[PDB]
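S.K.: What follows is run-v2.pdb, made up of PDB, N, CA and C atoms:
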```pdb
ATOM      1  N   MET A   1     127.803  79.993  18.636
ATOM      2  CA  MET A   1     126.772  78.930  18.632
ATOM      3  C   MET A   1     125.409  79.557  18.893
ATOM      4  N   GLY A   2     124.737  79.942  17.816
ATOM      5  CA  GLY A   2     123.571  80.793  17.928
ATOM      6  C   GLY A   2     122.320  80.069  18.371
ATOM      7  N   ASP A   3     121.943  80.267  19.627
ATOM      8  CA  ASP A   3     120.657  79.792  20.118
ATOM      9  C   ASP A   3     119.648  80.929  20.028
ATOM     10  N   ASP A   4     118.427  80.602  19.649
ATOM     11  CA  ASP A   4     117.393  81.614  19.467
ATOM     12  C   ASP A   4     116.750  81.990  20.795
ATOM     13  N   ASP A   5     116.773  81.056  21.738
ATOM     14  CA  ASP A   5     116.078  81.217  23.017
ATOM     15  C   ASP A   5     116.572  82.445  23.775
ATOM     16  N   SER A   6     117.879  82.648  23.785
ATOM     17  CA  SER A   6     118.473  83.751  24.528
ATOM     18  C   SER A   6     118.230  85.094  23.832
ATOM     19  N   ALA A   7     117.745  85.057  22.599
ATOM     20  CA  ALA A   7     117.570  86.281  21.825
ATOM     21  C   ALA A   7     116.161  86.389  21.254
ATOM     22  N   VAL A   8     115.248  85.577  21.767
ATOM     23  CA  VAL A   8     113.894  85.507  21.225
ATOM     24  C   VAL A   8     113.041  86.697  21.680
ATOM     25  N   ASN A   9     113.519  87.413  22.703
ATOM     26  CA  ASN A   9     112.785  88.543  23.279
ATOM     27  C   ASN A   9     111.484  88.030  23.913
ATOM     28  N   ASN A  10     110.534  88.926  24.188
ATOM     29  CA  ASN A  10     109.247  88.550  24.780
ATOM     30  C   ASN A  10     109.439  88.063  26.211
ATOM     31  N   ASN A  11     110.525  88.502  26.826
ATOM     32  CA  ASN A  11     110.823  88.157  28.209
ATOM     33  C   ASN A  11     109.925  88.938  29.158
ATOM     34  N   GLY A  12     109.746  88.411  30.355
ATOM     35  CA  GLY A  12     108.914  89.064  31.338
ATOM     36  C   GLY A  12     108.026  88.081  32.061
ATOM     37  N   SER A  13     107.430  88.518  33.152
ATOM     38  CA  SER A  13     106.535  87.672  33.917
ATOM     39  C   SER A  13     105.225  88.399  34.200
ATOM     40  N   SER A  14     104.198  88.048  33.447
ATOM     41  CA  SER A  14     102.884  88.632  33.631
ATOM     42  C   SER A  14     102.171  87.941  34.790
ATOM     43  N   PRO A  15     101.154  88.588  35.383
ATOM     44  CA  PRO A  15     100.396  88.016  36.502
ATOM     45  C   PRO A  15      99.462  86.887  36.063
ATOM     46  N   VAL A  16      99.983  85.978  35.251
ATOM     47  CA  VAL A  16      99.226  84.822  34.799
ATOM     48  C   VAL A  16      99.260  83.722  35.872
ATOM     49  N   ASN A  17      98.562  83.989  36.964
ATOM     50  CA  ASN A  17      98.510  83.091  38.109
ATOM     51  C   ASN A  17      97.481  83.602  39.104
ATOM     52  N   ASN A  18      96.701  82.698  39.668
ATOM     53  CA  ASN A  18      95.714  83.075  40.666
ATOM     54  C   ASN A  18      96.096  82.467  42.010
ATOM     55  N   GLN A  19      95.606  83.060  43.092
ATOM     56  CA  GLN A  19      96.014  82.657  44.438
ATOM     57  C   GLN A  19      95.620  81.213  44.734
ATOM     58  N   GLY A  20      94.427  80.831  44.299
ATOM     59  CA  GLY A  20      93.934  79.492  44.556
ATOM     60  C   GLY A  20      94.328  78.498  43.479
ATOM     61  N   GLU A  21      95.374  78.819  42.723
ATOM     62  CA  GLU A  21      95.886  77.915  41.695
ATOM     63  C   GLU A  21      96.633  76.759  42.344
ATOM     64  N   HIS A  22      97.227  77.045  43.490
ATOM     65  CA  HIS A  22      98.039  76.068  44.196
ATOM     66  C   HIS A  22      97.184  75.275  45.174
ATOM     67  N   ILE A  23      97.827  74.499  46.028
ATOM     68  CA  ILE A  23      97.109  73.622  46.935
ATOM     69  C   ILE A  23      97.230  74.143  48.368
ATOM     70  N   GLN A  24      96.304  73.741  49.219
ATOM     71  CA  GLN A  24      96.266  74.203  50.595
ATOM     72  C   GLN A  24      95.793  73.079  51.496
ATOM     73  N   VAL A  25      96.480  72.901  52.608
ATOM     74  CA  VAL A  25      96.165  71.842  53.549
ATOM     75  C   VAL A  25      96.368  72.345  54.971
ATOM     76  N   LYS A  26      95.487  71.974  55.872
ATOM     77  CA  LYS A  26      95.628  72.378  57.258
ATOM     78  C   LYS A  26      95.977  71.204  58.135
ATOM     79  N   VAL A  27      97.129  71.286  58.770
ATOM     80  CA  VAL A  27      97.561  70.255  59.644
ATOM     81  C   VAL A  27      97.128  70.671  61.022
ATOM     82  N   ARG A  28      96.000  70.128  61.438
ATOM     83  CA  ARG A  28      95.396  70.527  62.677
ATOM     84  C   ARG A  28      96.278  70.076  63.791
ATOM     85  N   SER A  29      96.955  71.030  64.374
ATOM     86  CA  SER A  29      97.711  70.743  65.544
ATOM     87  C   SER A  29      96.737  70.192  66.586
ATOM     88  N   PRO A  30      97.005  68.994  67.123
ATOM     89  CA  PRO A  30      96.002  68.185  67.846
ATOM     90  C   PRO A  30      95.617  68.740  69.211
ATOM     91  N   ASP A  31      95.509  70.050  69.317
ATOM     92  CA  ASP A  31      95.225  70.666  70.600
ATOM     93  C   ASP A  31      94.088  71.673  70.491
ATOM     94  N   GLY A  32      93.354  71.597  69.396
ATOM     95  CA  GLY A  32      92.266  72.527  69.179
ATOM     96  C   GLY A  32      92.705  73.725  68.370
ATOM     97  N   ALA A  33      93.751  73.536  67.581
ATOM     98  CA  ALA A  33      94.254  74.575  66.702
ATOM     99  C   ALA A  33      94.548  73.981  65.332
ATOM    100  N   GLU A  34      94.651  74.824  64.324
ATOM    101  CA  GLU A  34      94.809  74.356  62.958
ATOM    102  C   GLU A  34      95.582  75.383  62.147
ATOM    103  N   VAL A  35      96.763  75.003  61.697
ATOM    104  CA  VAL A  35      97.638  75.931  61.007
ATOM    105  C   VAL A  35      97.556  75.696  59.513
ATOM    106  N   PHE A  36      97.320  76.766  58.776
ATOM    107  CA  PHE A  36      97.184  76.673  57.340
ATOM    108  C   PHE A  36      98.534  76.409  56.683
ATOM    109  N   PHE A  37      98.603  75.294  55.993
ATOM    110  CA  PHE A  37      99.770  74.927  55.225
ATOM    111  C   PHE A  37      99.415  74.995  53.752
ATOM    112  N   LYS A  38     100.406  74.965  52.889
ATOM    113  CA  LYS A  38     100.158  75.185  51.480
ATOM    114  C   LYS A  38     101.078  74.339  50.622
ATOM    115  N   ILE A  39     100.560  73.907  49.487
ATOM    116  CA  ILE A  39     101.337  73.148  48.529
ATOM    117  C   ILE A  39     101.467  73.974  47.248
ATOM    118  N   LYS A  40     102.660  74.045  46.678
ATOM    119  CA  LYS A  40     102.881  74.912  45.528
ATOM    120  C   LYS A  40     103.072  74.095  44.257
ATOM    121  N   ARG A  41     104.150  73.327  44.215
ATOM    122  CA  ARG A  41     104.381  72.386  43.124
ATOM    123  C   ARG A  41     103.785  71.042  43.522
ATOM    124  N   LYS A  42     103.922  70.021  42.686
ATOM    125  CA  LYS A  42     103.505  68.689  43.098
ATOM    126  C   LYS A  42     104.367  68.233  44.272
ATOM    127  N   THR A  43     103.808  68.332  45.462
ATOM    128  CA  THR A  43     104.522  67.949  46.660
ATOM    129  C   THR A  43     103.632  67.109  47.557
ATOM    130  N   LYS A  44     103.921  65.817  47.589
ATOM    131  CA  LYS A  44     103.203  64.874  48.437
ATOM    132  C   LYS A  44     103.299  65.246  49.921
ATOM    133  N   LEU A  45     102.672  64.431  50.762
ATOM    134  CA  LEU A  45     102.477  64.754  52.177
ATOM    135  C   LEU A  45     103.794  64.780  52.955
ATOM    136  N   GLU A  46     104.864  64.311  52.326
ATOM    137  CA  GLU A  46     106.162  64.203  52.985
ATOM    138  C   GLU A  46     106.642  65.556  53.524
ATOM    139  N   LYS A  47     106.692  66.579  52.677
ATOM    140  CA  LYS A  47     107.173  67.884  53.124
ATOM    141  C   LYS A  47     106.167  68.543  54.066
ATOM    142  N   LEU A  48     104.887  68.241  53.870
ATOM    143  CA  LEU A  48     103.822  68.776  54.718
ATOM    144  C   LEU A  48     104.031  68.347  56.165
ATOM    145  N   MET A  49     104.510  67.124  56.346
ATOM    146  CA  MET A  49     104.729  66.594  57.682
ATOM    147  C   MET A  49     106.100  66.999  58.219
ATOM    148  N   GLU A  50     107.098  67.099  57.342
ATOM    149  CA  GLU A  50     108.459  67.398  57.782
ATOM    150  C   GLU A  50     108.618  68.859  58.175
ATOM    151  N   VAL A  51     107.999  69.762  57.422
ATOM    152  CA  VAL A  51     108.007  71.173  57.795
ATOM    153  C   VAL A  51     107.314  71.337  59.147
ATOM    154  N   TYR A  52     106.369  70.445  59.416
ATOM    155  CA  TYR A  52     105.677  70.407  60.695
ATOM    156  C   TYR A  52     106.601  69.837  61.774
ATOM    157  N   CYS A  53     107.321  68.759  61.432
ATOM    158  CA  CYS A  53     108.355  68.208  62.302
ATOM    159  C   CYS A  53     109.308  69.303  62.767
ATOM    160  N   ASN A  54     109.827  70.049  61.805
ATOM    161  CA  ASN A  54     110.785  71.109  62.078
ATOM    162  C   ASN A  54     110.112  72.272  62.808
ATOM    163  N   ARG A  55     108.812  72.435  62.590
ATOM    164  CA  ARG A  55     108.081  73.566  63.146
ATOM    165  C   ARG A  55     107.903  73.433  64.659
ATOM    166  N   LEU A  56     107.595  72.229  65.121
ATOM    167  CA  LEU A  56     107.379  72.007  66.546
ATOM    168  C   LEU A  56     108.631  71.457  67.218
ATOM    169  N   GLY A  57     109.642  71.147  66.422
ATOM    170  CA  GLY A  57     110.860  70.581  66.965
ATOM    171  C   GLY A  57     110.668  69.142  67.394
ATOM    172  N   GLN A  58     109.820  68.434  66.666
ATOM    173  CA  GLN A  58     109.547  67.034  66.937
ATOM    174  C   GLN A  58     109.175  66.351  65.629
ATOM    175  N   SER A  59     109.811  65.230  65.331
ATOM    176  CA  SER A  59     109.679  64.622  64.018
ATOM    177  C   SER A  59     108.487  63.662  63.923
ATOM    178  N   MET A  60     108.296  63.103  62.728
ATOM    179  CA  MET A  60     107.047  62.441  62.351
ATOM    180  C   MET A  60     106.850  61.068  62.998
ATOM    181  N   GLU A  61     107.901  60.467  63.541
ATOM    182  CA  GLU A  61     107.721  59.232  64.301
ATOM    183  C   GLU A  61     107.139  59.547  65.676
ATOM    184  N   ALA A  62     107.173  60.824  66.033
ATOM    185  CA  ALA A  62     106.612  61.298  67.276
ATOM    186  C   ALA A  62     105.336  62.088  67.014
ATOM    187  N   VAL A  63     104.935  62.152  65.745
ATOM    188  CA  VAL A  63     103.644  62.722  65.370
ATOM    189  C   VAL A  63     102.988  61.894  64.263
ATOM    190  N   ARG A  64     102.000  61.095  64.649
ATOM    191  CA  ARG A  64     101.274  60.250  63.707
ATOM    192  C   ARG A  64     100.428  61.117  62.791
ATOM    193  N   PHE A  65     100.787  61.161  61.521
ATOM    194  CA  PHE A  65     100.099  62.013  60.565
ATOM    195  C   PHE A  65      98.938  61.281  59.888
ATOM    196  N   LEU A  66      97.726  61.696  60.234
ATOM    197  CA  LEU A  66      96.507  61.163  59.631
ATOM    198  C   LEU A  66      95.921  62.192  58.681
ATOM    199  N   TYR A  67      95.579  61.808  57.462
ATOM    200  CA  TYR A  67      94.936  62.761  56.573
ATOM    201  C   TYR A  67      93.648  62.183  56.010
ATOM    202  N   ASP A  68      92.650  63.053  55.855
ATOM    203  CA  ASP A  68      91.285  62.639  55.516
ATOM    204  C   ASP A  68      90.744  61.701  56.601
ATOM    205  N   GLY A  69      91.339  61.792  57.785
ATOM    206  CA  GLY A  69      90.904  60.976  58.902
ATOM    207  C   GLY A  69      91.750  59.733  59.101
ATOM    208  N   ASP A  70      92.511  59.348  58.082
ATOM    209  CA  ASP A  70      93.262  58.097  58.130
ATOM    210  C   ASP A  70      94.755  58.330  57.923
ATOM    211  N   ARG A  71      95.551  57.839  58.862
ATOM    212  CA  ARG A  71      97.006  57.883  58.754
ATOM    213  C   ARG A  71      97.492  57.022  57.593
ATOM    214  N   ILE A  72      98.624  57.397  57.022
ATOM    215  CA  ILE A  72      99.155  56.719  55.851
ATOM    216  C   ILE A  72     100.571  57.236  55.576
ATOM    217  N   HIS A  73     101.181  56.836  54.469
ATOM    218  CA  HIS A  73     102.520  57.311  54.138
ATOM    219  C   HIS A  73     102.445  58.639  53.392
ATOM    220  N   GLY A  74     103.460  59.480  53.569
ATOM    221  CA  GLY A  74     103.465  60.776  52.922
ATOM    222  C   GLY A  74     103.608  60.669  51.418
ATOM    223  N   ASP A  75     104.124  59.536  50.958
ATOM    224  CA  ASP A  75     104.349  59.313  49.535
ATOM    225  C   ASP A  75     103.055  58.944  48.812
ATOM    226  N   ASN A  76     101.970  58.786  49.565
ATOM    227  CA  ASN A  76     100.684  58.405  48.982
ATOM    228  C   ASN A  76     100.080  59.553  48.175
ATOM    229  N   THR A  77     100.495  60.783  48.503
ATOM    230  CA  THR A  77     100.010  62.022  47.866
ATOM    231  C   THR A  77      98.522  62.276  48.171
ATOM    232  N   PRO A  78      98.066  63.533  48.034
ATOM    233  CA  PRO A  78      96.685  63.917  48.356
ATOM    234  C   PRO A  78      95.654  63.364  47.370
ATOM    235  N   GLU A  79      95.787  63.740  46.096
ATOM    236  CA  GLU A  79      94.759  63.454  45.090
ATOM    237  C   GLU A  79      94.577  61.954  44.873
ATOM    238  N   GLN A  80      95.574  61.178  45.277
ATOM    239  CA  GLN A  80      95.550  59.730  45.108
ATOM    240  C   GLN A  80      94.403  59.109  45.907
ATOM    241  N   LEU A  81      93.988  59.795  46.963
ATOM    242  CA  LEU A  81      92.899  59.312  47.797
ATOM    243  C   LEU A  81      91.569  59.865  47.295
ATOM    244  N   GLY A  82      91.618  61.043  46.690
ATOM    245  CA  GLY A  82      90.418  61.657  46.165
ATOM    246  C   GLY A  82      90.177  63.016  46.777
ATOM    247  N   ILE A  83      90.813  63.260  47.915
ATOM    248  CA  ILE A  83      90.725  64.547  48.581
ATOM    249  C   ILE A  83      91.988  65.359  48.315
ATOM    250  N   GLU A  84      91.811  66.635  48.031
ATOM    251  CA  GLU A  84      92.932  67.520  47.762
ATOM    252  C   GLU A  84      92.575  68.933  48.238
ATOM    253  N   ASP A  85      93.189  69.958  47.617
ATOM    254  CA  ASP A  85      93.115  71.373  48.052
ATOM    255  C   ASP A  85      91.913  71.682  48.943
ATOM    256  N   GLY A  86      92.201  72.006  50.193
ATOM    257  CA  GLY A  86      91.151  72.226  51.158
ATOM    258  C   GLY A  86      91.112  71.112  52.178
ATOM    259  N   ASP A  87      92.084  70.218  52.073
ATOM    260  CA  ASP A  87      92.166  69.041  52.928
ATOM    261  C   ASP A  87      92.883  69.365  54.234
ATOM    262  N   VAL A  88      92.890  68.404  55.150
ATOM    263  CA  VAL A  88      93.509  68.596  56.450
ATOM    264  C   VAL A  88      94.273  67.348  56.886
ATOM    265  N   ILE A  89      95.210  67.547  57.799
ATOM    266  CA  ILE A  89      96.039  66.475  58.322
ATOM    267  C   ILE A  89      96.110  66.609  59.835
ATOM    268  N   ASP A  90      96.024  65.501  60.536
ATOM    269  CA  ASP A  90      96.050  65.522  61.988
ATOM    270  C   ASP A  90      97.250  64.739  62.481
ATOM    271  N   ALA A  91      98.067  65.352  63.315
ATOM    272  CA  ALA A  91      99.248  64.678  63.824
ATOM    273  C   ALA A  91      99.104  64.410  65.311
ATOM    274  N   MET A  92      99.089  63.139  65.673
ATOM    275  CA  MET A  92      98.910  62.740  67.063
ATOM    276  C   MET A  92     100.251  62.366  67.676
ATOM    277  N   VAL A  93     100.290  62.200  68.990
ATOM    278  CA  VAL A  93     101.546  61.927  69.678
ATOM    279  C   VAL A  93     102.085  60.542  69.321
ATOM    280  N   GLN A  94     103.073  60.527  68.427
ATOM    281  CA  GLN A  94     103.767  59.306  68.011
ATOM    282  C   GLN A  94     102.840  58.333  67.284
ATOM    283  N   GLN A  95     103.418  57.262  66.762
ATOM    284  CA  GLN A  95     102.668  56.295  65.971
ATOM    285  C   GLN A  95     101.743  55.442  66.838
ATOM    286  N   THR A  96     102.214  55.040  68.008
ATOM    287  CA  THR A  96     101.437  54.161  68.871
ATOM    288  C   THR A  96     100.920  54.919  70.093
ATOM    289  N   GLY A  97     101.072  56.236  70.071
ATOM    290  CA  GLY A  97     100.701  57.045  71.220
ATOM    291  C   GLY A  97     101.853  57.176  72.196
ATOM    292  N   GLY A  98     102.858  56.337  72.001
ATOM    293  CA  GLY A  98     104.029  56.352  72.842
ATOM    294  C   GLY A  98     104.996  55.275  72.415
TER     295      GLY A  98
END
```
Would you mind writing the file out in structure tokens?
M.R.:
Amino acid sequence: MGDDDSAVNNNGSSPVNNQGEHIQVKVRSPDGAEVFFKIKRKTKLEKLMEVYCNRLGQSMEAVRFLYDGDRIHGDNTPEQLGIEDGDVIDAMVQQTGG
């Protein structure tokens, strides 16, 4: 069953990619510190907050995630608000502070 794709040749991976091609977001740990996070594929705020959950050993119901200054759902995505690559997220102690 002859497929051309497996025999088309021209295989390889050239450096057709730049460092700032992807996305970058800083989730300012709410203590006067800010850790650089990064987005590679289309990945909404969900993984940005969960990797943070796993990072501090405390999940997102215990860290209110505000981005562009305003808390919201992770499924809202960055560009949907108008702010993207170079943006920041702030996680405060729980949703109601307690």
S.K.: Just the residues within 7 Å of region 62-76 of chain A, please, counting only C-alpha atoms, with nothing from its chain fewer than 3 positions along; format it as a list in words.
M.R.: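 Within the cut-off, the hits are residues 44, 45, 46, 58, 59, 80, 87, 88, 89, 90, 91, 92, 93, 94 and 95 of chain A.
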S.K.: Do you have the CA of residue 13 (chain A)-CA of residue 47 (chain A) distance handy?
M.R.: 27.6 Å
S.K.: Tell me, in Å to one decimal, how far CA of residue 79 (chain A) is from atom N of residue 27 (chain A).
M.R.: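 Taking CA of residue 79 (chain A) and atom N of residue 27 (chain A), their separation equals 15.9 Å.
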S.K.: Can you tell me how far atom N of residue 24 (chain A) sits from atom C of residue 82 (chain A), in Å to one decimal?
M.R.: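 Those two atoms sit 12.6 Å apart.
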S.K.: Any chance you could list, as a list in words, the residues in chain A that come up strand (DSSP E) when DSSP is run on the backbone?
M.R.: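 So the strand (DSSP E) residues in chain A would be residues 23, 24, 25, 26, 27, 28, 35, 36, 37, 38, 39, 63, 64, 65, 66, 67, 70, 71, 87, 88, 89, 90, 91, 92 and 93 of chain A.
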S.K.: Once N, CA, C and O atoms are restored for region 23-39 of chain A, what would the output be as a PDB file, in the coordinates of the input?
M.R.:
```pdb
ATOM      1  N   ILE A  23      97.827  74.499  46.028  1.00  0.00           N
ATOM      2  CA  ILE A  23      97.109  73.622  46.935  1.00  0.00           C
ATOM      3  C   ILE A  23      97.230  74.143  48.368  1.00  0.00           C
ATOM      4  O   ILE A  23      98.152  74.895  48.691  1.00  0.00           O
ATOM      5  N   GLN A  24      96.304  73.741  49.219  1.00  0.00           N
ATOM      6  CA  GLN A  24      96.266  74.203  50.595  1.00  0.00           C
ATOM      7  C   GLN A  24      95.793  73.079  51.496  1.00  0.00           C
ATOM      8  O   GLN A  24      94.817  72.399  51.182  1.00  0.00           O
ATOM      9  N   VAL A  25      96.480  72.901  52.608  1.00  0.00           N
ATOM     10  CA  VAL A  25      96.165  71.842  53.549  1.00  0.00           C
ATOM     11  C   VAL A  25      96.368  72.345  54.971  1.00  0.00           C
ATOM     12  O   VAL A  25      97.296  73.091  55.240  1.00  0.00           O
ATOM     13  N   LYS A  26      95.487  71.974  55.872  1.00  0.00           N
ATOM     14  CA  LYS A  26      95.628  72.378  57.258  1.00  0.00           C
ATOM     15  C   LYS A  26      95.977  71.204  58.135  1.00  0.00           C
ATOM     16  O   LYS A  26      95.219  70.246  58.246  1.00  0.00           O
ATOM     17  N   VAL A  27      97.129  71.286  58.770  1.00  0.00           N
ATOM     18  CA  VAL A  27      97.561  70.255  59.644  1.00  0.00           C
ATOM     19  C   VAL A  27      97.128  70.671  61.022  1.00  0.00           C
ATOM     20  O   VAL A  27      97.763  71.511  61.666  1.00  0.00           O
ATOM     21  N   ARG A  28      96.000  70.128  61.438  1.00  0.00           N
ATOM     22  CA  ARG A  28      95.396  70.527  62.677  1.00  0.00           C
ATOM     23  C   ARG A  28      96.278  70.076  63.791  1.00  0.00           C
ATOM     24  O   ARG A  28      96.406  68.882  64.066  1.00  0.00           O
ATOM     25  N   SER A  29      96.955  71.030  64.374  1.00  0.00           N
ATOM     26  CA  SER A  29      97.711  70.743  65.544  1.00  0.00           C
ATOM     27  C   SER A  29      96.737  70.192  66.586  1.00  0.00           C
ATOM     28  O   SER A  29      95.732  70.840  66.893  1.00  0.00           O
ATOM     29  N   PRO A  30      97.005  68.994  67.123  1.00  0.00           N
ATOM     30  CA  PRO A  30      96.002  68.185  67.846  1.00  0.00           C
ATOM     31  C   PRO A  30      95.617  68.740  69.211  1.00  0.00           C
ATOM     32  O   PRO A  30      95.394  67.981  70.153  1.00  0.00           O
ATOM     33  N   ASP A  31      95.509  70.050  69.317  1.00  0.00           N
ATOM     34  CA  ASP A  31      95.225  70.666  70.600  1.00  0.00           C
ATOM     35  C   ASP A  31      94.088  71.673  70.491  1.00  0.00           C
ATOM     36  O   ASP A  31      93.861  72.480  71.391  1.00  0.00           O
ATOM     37  N   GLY A  32      93.354  71.597  69.396  1.00  0.00           N
ATOM     38  CA  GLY A  32      92.266  72.527  69.179  1.00  0.00           C
ATOM     39  C   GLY A  32      92.705  73.725  68.370  1.00  0.00           C
ATOM     40  O   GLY A  32      92.118  74.802  68.467  1.00  0.00           O
ATOM     41  N   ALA A  33      93.751  73.536  67.581  1.00  0.00           N
ATOM     42  CA  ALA A  33      94.254  74.575  66.702  1.00  0.00           C
ATOM     43  C   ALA A  33      94.548  73.981  65.332  1.00  0.00           C
ATOM     44  O   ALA A  33      94.692  72.767  65.200  1.00  0.00           O
ATOM     45  N   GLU A  34      94.651  74.824  64.324  1.00  0.00           N
ATOM     46  CA  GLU A  34      94.809  74.356  62.958  1.00  0.00           C
ATOM     47  C   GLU A  34      95.582  75.383  62.147  1.00  0.00           C
ATOM     48  O   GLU A  34      95.114  76.500  61.929  1.00  0.00           O
ATOM     49  N   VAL A  35      96.763  75.003  61.697  1.00  0.00           N
ATOM     50  CA  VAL A  35      97.638  75.931  61.007  1.00  0.00           C
ATOM     51  C   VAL A  35      97.556  75.696  59.513  1.00  0.00           C
ATOM     52  O   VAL A  35      97.678  74.564  59.044  1.00  0.00           O
ATOM     53  N   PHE A  36      97.320  76.766  58.776  1.00  0.00           N
ATOM     54  CA  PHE A  36      97.184  76.673  57.340  1.00  0.00           C
ATOM     55  C   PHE A  36      98.534  76.409  56.683  1.00  0.00           C
ATOM     56  O   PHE A  36      99.484  77.177  56.827  1.00  0.00           O
ATOM     57  N   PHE A  37      98.603  75.294  55.993  1.00  0.00           N
ATOM     58  CA  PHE A  37      99.770  74.927  55.225  1.00  0.00           C
ATOM     59  C   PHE A  37      99.415  74.995  53.752  1.00  0.00           C
ATOM     60  O   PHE A  37      98.239  75.073  53.399  1.00  0.00           O
ATOM     61  N   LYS A  38     100.406  74.965  52.889  1.00  0.00           N
ATOM     62  CA  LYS A  38     100.158  75.185  51.480  1.00  0.00           C
ATOM     63  C   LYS A  38     101.078  74.339  50.622  1.00  0.00           C
ATOM     64  O   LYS A  38     102.221  74.067  50.992  1.00  0.00           O
ATOM     65  N   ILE A  39     100.560  73.907  49.487  1.00  0.00           N
ATOM     66  CA  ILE A  39     101.337  73.148  48.529  1.00  0.00           C
ATOM     67  C   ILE A  39     101.467  73.974  47.248  1.00  0.00           C
ATOM     68  O   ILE A  39     100.483  74.544  46.780  1.00  0.00           O
TER      69      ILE A  39
END
```
